[PDB]
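Engineer: Respectively, the protein sequence lines represent chains X, P, H, D, S, V, R and U. If you're matching positions, the first sequence starts at 20 in the UniProt record's numbering and goes up one per residue. If you're matching positions, the second sequence starts at 26 in the UniProt record's numbering and goes up one per residue. If you're matching positions, the third sequence starts at 38 in the UniProt record's numbering and goes up one per residue. If you're matching positions, the fourth sequence starts at 39 in the UniProt record's numbering and goes up one per residue. If you're matching positions, the fifth sequence starts at 14 in the UniProt record's numbering and goes up one per residue. If you're matching positions, the sixth sequence starts at 16 in the UniProt record's numbering and goes up one per residue. If you're matching positions, the seventh sequence starts at 31 in the UniProt record's numbering and goes up one per residue. If you're matching positions, the eighth sequence starts at 34 in the UniProt record's numbering and goes up one per residue. Ideal placement from N, C-alpha and C gives every residue a C-beta, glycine not left out. First, the structure itself, so that you have it in front of you.
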Amino acid sequence: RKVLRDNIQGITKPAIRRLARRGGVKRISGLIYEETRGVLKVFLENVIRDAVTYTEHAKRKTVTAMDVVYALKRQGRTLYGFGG
Amino acid sequence: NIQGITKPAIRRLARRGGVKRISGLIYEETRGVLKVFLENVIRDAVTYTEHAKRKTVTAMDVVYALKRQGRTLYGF
Amino acid sequence: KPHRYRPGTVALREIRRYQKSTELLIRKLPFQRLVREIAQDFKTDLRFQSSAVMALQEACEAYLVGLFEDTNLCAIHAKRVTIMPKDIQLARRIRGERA
Amino acid sequence: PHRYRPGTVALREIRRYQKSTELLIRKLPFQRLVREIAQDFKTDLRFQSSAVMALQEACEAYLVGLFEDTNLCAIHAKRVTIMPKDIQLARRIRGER
Amino acid sequence: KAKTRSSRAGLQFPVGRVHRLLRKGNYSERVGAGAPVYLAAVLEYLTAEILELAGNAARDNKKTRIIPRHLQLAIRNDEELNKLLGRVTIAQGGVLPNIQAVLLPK
Amino acid sequence: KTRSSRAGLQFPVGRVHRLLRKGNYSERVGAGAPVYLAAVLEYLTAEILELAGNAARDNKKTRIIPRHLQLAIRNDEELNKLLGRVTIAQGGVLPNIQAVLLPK
Amino acid sequence: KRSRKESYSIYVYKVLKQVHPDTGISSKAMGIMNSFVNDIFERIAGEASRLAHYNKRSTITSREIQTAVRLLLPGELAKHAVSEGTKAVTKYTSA
Amino acid sequence: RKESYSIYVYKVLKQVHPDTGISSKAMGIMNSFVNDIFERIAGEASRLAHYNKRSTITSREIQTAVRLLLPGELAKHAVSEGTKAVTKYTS
DNA sequence: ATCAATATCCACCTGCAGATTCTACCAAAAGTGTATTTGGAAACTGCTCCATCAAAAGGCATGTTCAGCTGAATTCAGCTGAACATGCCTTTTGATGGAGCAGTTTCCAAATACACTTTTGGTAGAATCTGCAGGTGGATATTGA
DNA sequence: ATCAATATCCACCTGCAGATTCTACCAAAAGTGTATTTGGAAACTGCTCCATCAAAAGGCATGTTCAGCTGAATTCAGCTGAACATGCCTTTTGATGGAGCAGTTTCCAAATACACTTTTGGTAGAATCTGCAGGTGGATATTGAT
Ligand SMILES: [Mn+2]
């Protein structure tokens, strides 16, 4: 395929903006964008790590939605609508 | 009774907490939240005792209740 | 005129707008790449179910939207209307994510 | 006469307490408080002497903690005096309210 | 003839399923016969509560079909249901509109 | 001949295995599980005792008290993470004072 | 090679008609519903196991479910819960 | 009756710190720690089993659970000891 | 005090992607006939848990003084929001190949089930022991001059 | 920044009692030997679903301009909350005693568990429907310049 790298910049500024708006924020400092990305990247890592761990226990090469869900549950971030 | 929780005591608690300056309003306020803590912990605690049917609240009842509240406790 | 909207006016308009809709704010394709990149580093040659990537994106967006509200309250609390990393960092500190 | 400037003892207090682990709240008043609260839920209950400790340990531990968070909010607003306003935020952020 | 156990208790939810799921769940070694019904009833009720509040939301919005948004609103507007589902996130739920007091114009 | 000596552990493997059965955690308990868990529980204890020792030794006491334990748990980043939600009785807090509070 | 997985879908729907005959629910919303049911189901049963275990009981009585409900459900919702259950049980035993 | 891990913790304490001793209260704290972890590892382990439609908990299930519950070095060392004790026990 | 300027609102429109129904099998409740437990249900302890009752002594409540902390008001350098212009790339749509779940089967390696025999770990005394607790005597940290 | 005069901590010291740890032994478990069940690893292989790639296209992300107004800096002072010497009473604590009451037994009638056999109630395709998503337009604000 194609090598993947520095895709964390995929999370654009407008989009981070939009997420903040829905959060009710009217004014955003410029440093926010990069900081947000940082937090987002950490969230994903932690949740994907567990997720994939559930996948590794199953021996499946595919991460099902459940994997993600069980993962989120451990993280105390329960999700409704995908696998249970 | 909740007034048993004296102002100097609350001040002490805040110290251990790292506070240097306390508004005079905190106290009643520090008192209020406290009252709530027990209300929630004990309630669940007793429910456990009642299911048990005992007329005495073991140290254990509290532990179980604390865990349910997320505020886990060690040593009892 | 050219007709122009005073600063902050549009922001208020966006806030009302995005709060009403439920669609995902982050662009689907780029997120997916990010998710696949991060996951590739933990385990090589993994495969993701269409539904699995969505799940991840829903939780993320939800987390961030949520973090922003708290952050906003930290900004309002510091007398400022502008959110700042100083706020986000505090908010997570109180949340306990990383004291 | 000699008088300690304001805030000096405070810091002397802070350093002193963090060093000791003894509970700060007076035991009997507390136990009196606990029984009172317990009665609304159930009547003529009895508590293990140890049961009260657990309860007291938890509350002081929680209260001490709440203040740490309270301080950060007070510090964060450019102040050095914790206010009820700060306490509510910390709790609102925590999810308690 | 043949009667469903749920009908005996007059519930819509499947008591047989609830009982069997309790057995296979390893929650306990013995599952009383009253528990499955009791439980099954509790969920049915909670389901009706949630469905009720959503319905209106759908009508409030002039929709005859319940979508997630309505559920989120239902769950977040009611103080108690909110509490019960405080840690949860509904996919596509969006958020209760709310602009801070200070942020408004003047 | 204790199964624990076979695995070379101080903790009771039998206890853990009997505990796993009465726990309702699962239908059947593998033979390797008990030793593994038991084993893992041993190490963790080891880890915290060692650090408390230091705390104790550092404090000048030959006997460990809760404070030593709390000091040990909280100073270590990883142990803190694991027991973040837990609270030790008589643990007190680590001694920390905000920079700004200090005299300028 | 069918692979039939079950859901509370049928049951949620019946209940949807009871509260609002004219209203209907969507796929995405149904899923959410099933999750709610399942989540709550786990909380009560899991929390019920604790009661039983804490009291060295080998069986989960309909009674343990109730006590779990009190702890798990808040306020009026809890009260109604207990009411609907007991009703269901009392009716069941009496038949 | 009334069994505790108190006896076992002491032995472990002695290896690392022969010179040191532990108070009654601290012992209790240690027993609590052991129990929680025990419950925490077993719980998860159970879930791994259920999620995977397994009816039995292998040592592996205990391990995978350990990777989720413990972080970084604590996990690594923790996982090692388990496998090590198991490999030795089976021999 | 006006009013264009622009965005926001609400009802009408209408095929179609996403329900609602409609049906046939069959996985799993329901019905029955026994084979075990289970948790009560009276009796009874040994105890932890209330109750006083009784002195003293920290520890708490107060009224005082004023030091410096929080708020309010004034400013203005420039950070960040609102507009456009540009054209990149995320979306949409659909086609294929095939990696890799998953449903079946097959059956040993492993775990469960008793019947006993042994060894261990919890208790209650019995013989040590670290600290609590004061008690100097001496820099140390504060603060005013 | 010293000088000096308080008040504080702070090691060096040192005495017995509330704990710890060590003993001395007995039911409870754990370890064994046998004998059976059975869970799920290995071995196919049907066949969704996931990865990919090609194409057209407009939804939007980027960069740049400008300048409105927010964040940060200052300055001031009214007044809130620390530091304190004061005077007094509720918390300590310590038995002492009696008893409400956890905690044990020991049967056992009621409730569960099992083992098989019927019997529907669901679930997974199809055949049929129909809210409503995606547009269009006027009416209705809301804004921001004068
Ligand atoms: Mn990479």
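So with CB distances below 9 Å, who are the chain X contacts of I62 of chain R?
Structural biologist: What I62 of chain R touches in chain X: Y99, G100.
Engineer: Is the beta carbon of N26 of chain X closer than 8 Å to that of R129 of chain H?
Structural biologist: Against a cut-off of 8 Å, the Cβ pair of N26 of chain X and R129 of chain H comes out as no contact.
Engineer: Does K65 of chain H come within less than 8 Å of chain S when only Cβ atoms are used?
Structural biologist: Output row for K65 of chain H: interface = no.
Engineer: Taking the continuous alpha helix (DSSP H) assigned at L101 of chain R, which residues delimit it?
Structural biologist: Per DSSP, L101 of chain R belongs to the alpha helix (DSSP H) from 92–102.
Engineer: Please determine, among D:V90, D:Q77, D:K57, the residue with the shortest C-alpha to C-alpha distance to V108 of chain V.
Structural biologist: The shortest C-alpha separation from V108 of chain V is found at D:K57.
Engineer: Name the DSSP bridge partner or partners of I55 of chain U?
Structural biologist: In the DSSP output, where bridge partners are listed per residue, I55 of chain U has V:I79.
Engineer: How should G45 of chain D be labelled, buried or exposed, when 16 other C-beta atoms within 10 angstroms of its C-beta is the threshold for buried?
Structural biologist: With fewer than 16 Cβ atoms within 10 Å of its Cβ, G45 of chain D is classed as exposed.
Engineer: Sort out for me which residues DSSP pairs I47 of chain P with in a bridge.
Structural biologist: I47 of chain P pairs with D:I120.
Engineer: Considering Cα atoms alone, identify which of X:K45, X:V22, X:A84 is closest to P118 of chain S.
Structural biologist: With distances taken between Cα atoms, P118 of chain S lies closest to X:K45.
Engineer: Hey, would you say the C-beta of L23 of chain X is under 7 Å away from at least one heavy atom of ligand 1?
Structural biologist: Yes, ligand 1 has a heavy atom inside 7 Å of this Cβ.
Engineer: Report the rounded CA-to-CA distance for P51 of chain R versus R32 of chain R, giving the unit in angstroms.
Structural biologist: Roughly 33 Å separates the two Cα atoms.
Engineer: Looking at the unbroken alpha helix (DSSP H) that takes in residue 6 of chain U, where does it start and where does it end?
Structural biologist: Outside the shown range of chain U (34 to 124) lies residue 6 of chain U, about which nothing can therefore be said.
Engineer: Going by DSSP in three states, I103 of chain V sits in which element: helix, strand or coil?
Structural biologist: Here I103 of chain V sits in strand by DSSP.
Engineer: Using the Cα positions of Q25 of chain V and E114 of chain U, report the straight-line distance between them to the nearest angstrom.
Structural biologist: Taking the straight line joining both Cα atoms gives about 13 Å.
Engineer: Interface residues of chain H around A34 of chain X at Cβ under 8 Å?
Structural biologist: Simply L62, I63, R64.
Engineer: What I want to know is whether the C-beta of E74 of chain H ends up closer than 7 Å to one or more non-hydrogen atoms of ligand 1.
Structural biologist: Yes, the Cβ of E74 of chain H comes within 7 Å of a heavy atom of ligand 1.
Engineer: Which residues of chain S have a Cβ atom closer than 8 Å to the Cβ of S88 of chain R, listed in chain order?
Structural biologist: Under the 8 Å cutoff, chain S gives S41, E42, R43.
Engineer: Who are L98 of chain X's beta bridge partners in DSSP?
Structural biologist: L98 of chain X is bridged to S:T102.
Engineer: Tell me the DSSP secondary structure of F85 of chain H in three-state form.
Structural biologist: In the structure shown, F85 of chain H sits in a strand (DSSP, three-state: E or B).
Engineer: Quick one, which of X:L50, X:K32, X:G102 has its alpha-carbon nearest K123 of chain H's?
Structural biologist: The residue with the shortest Cα to Cα distance from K123 of chain H is X:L50.
Engineer: By how many angstroms is the C-alpha of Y51 of chain S removed from the C-alpha of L59 of chain V?
Structural biologist: One C-alpha to the other measures close to 42 Å.
Engineer: At a CB distance below 8 Å, what residues from the stretch 46–59 of chain X approach chain R? Give them in sequence order.
Structural biologist: Going along the stretch 46–59 of chain X in chain order, one finds no residue with a Cβ nearer than 8 Å to chain R.
Engineer: Grab the span of the alpha helix (DSSP H) containing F68 of chain D for me, first residue to last.
Structural biologist: Its alpha helix (DSSP H) spans residues 65–79.
Engineer: Could you list the residues in the stretch 89–101 of chain U with a C-beta less than 7 Å from some C-beta on chain X, going in chain order?
Structural biologist: So the list reads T97, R100, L101, given in the order they occur along the chain.
Engineer: Just list the residues that DSSP pairs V58 of chain X with in beta bridges.
Structural biologist: BP columns for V58 of chain X are empty, so no partner.
Engineer: Does the distance between the C-beta of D91 of chain S and the nearest non-hydrogen atom of ligand 1 fall short of 7 Å?
Structural biologist: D91 of chain S: no, Cβ never under 7 Å from ligand 1.
Engineer: Which runs of the alpha helix (DSSP H) at least 4 residues long sit entirely within the stretch 21–99 of chain V? Give them in chain order.
Structural biologist: With a minimum length of 4 residues, the continuous alpha helix (DSSP H) runs that stay inside the stretch 21–99 of chain V are 28–38, 47–74, 81–90, 92–97.
Engineer: Would you list the one or two residues that DSSP bridges to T81 of chain X?
Structural biologist: Paired residue(s): H:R84.
Engineer: Verify whether the separation of the beta carbon atoms of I112 of chain V and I88 of chain V is less than 8 Å.
Structural biologist: Cβ atoms of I112 of chain V and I88 of chain V: not closer than 8 Å.
Engineer: When you compare only the Cα positions, how much space is there between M121 of chain H and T108 of chain H?
Structural biologist: C-alpha separation (whole angstroms): 8 Å.
Engineer: Cα-Cα, which of H:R64, H:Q94, H:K80, H:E74 is closest to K32 of chain X?
Structural biologist: Per the Cα distances, H:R64.
Engineer: Measuring straight from C-alpha to C-alpha, what distance separates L34 of chain S and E51 of chain D?
Structural biologist: Roughly 57 Å separates the two Cα atoms.
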